[PDB]
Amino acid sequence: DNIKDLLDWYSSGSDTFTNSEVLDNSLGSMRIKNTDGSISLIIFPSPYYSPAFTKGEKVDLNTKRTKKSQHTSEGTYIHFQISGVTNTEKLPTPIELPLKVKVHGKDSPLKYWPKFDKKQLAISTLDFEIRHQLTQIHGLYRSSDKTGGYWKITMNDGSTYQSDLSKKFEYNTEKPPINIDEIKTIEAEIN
């Protein structure tokens, strides 16, 4: 079942790496060396978000695993992941993104909604964090009552993004990371 698969995906943890280094950058992928010596093989299936970082540049990872991490021999640890590579620029001070949540029409307060100190996040990362808040604190995917809905971001400059809580994120058509200090509102509704 597919509400169960959404729950397992969005209620599990994510890998957050800082100042990892690009080893290779092919079409559709990146090969990165993390500061703990793990290697990340990351898939990028969208022609609208094709990371352009060159060999030896520093990147941040906020991403999810597509299958079980494995050891080689030597014994190098390899992570298989999807999306979620950005630059390393930081904001001066961490900020709370402006999330408001509703569950069947009613305002639901947040708990453990973290601050971010990065300038940009992939949309796929905004997806999994918005939905993590929903699955952990507000019941998304955990009863028949609460299995679909949406979130929608709105920027200072008018533009928007939305995802449908009833379905997987659209990795295939993901758009470039955005500046999070220019997010005007995020609204999420469970239905």
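Sequential numbering from 1, following the sequence displayed.
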key: Higher-B stretch (mean Cα B-factor, as the entry records it), 179-187 or 16-24   = 179-187
inquiry  = I need to verify one thing: averaged over C-alpha atoms only, is the B-factor higher for 60-68 or for 143-151?
reply    = 143-151
task = Report the option among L97, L121, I82, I78 whose CA atom has the maximum B-factor in the deposited record.
result = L97
query = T86: which third of its chain by C-alpha temperature factor?
reply = lowest
task = Within this chain's modelled residues, let me know which third the CA B factor of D157 belongs to: lowest, middle or highest.
result = highest
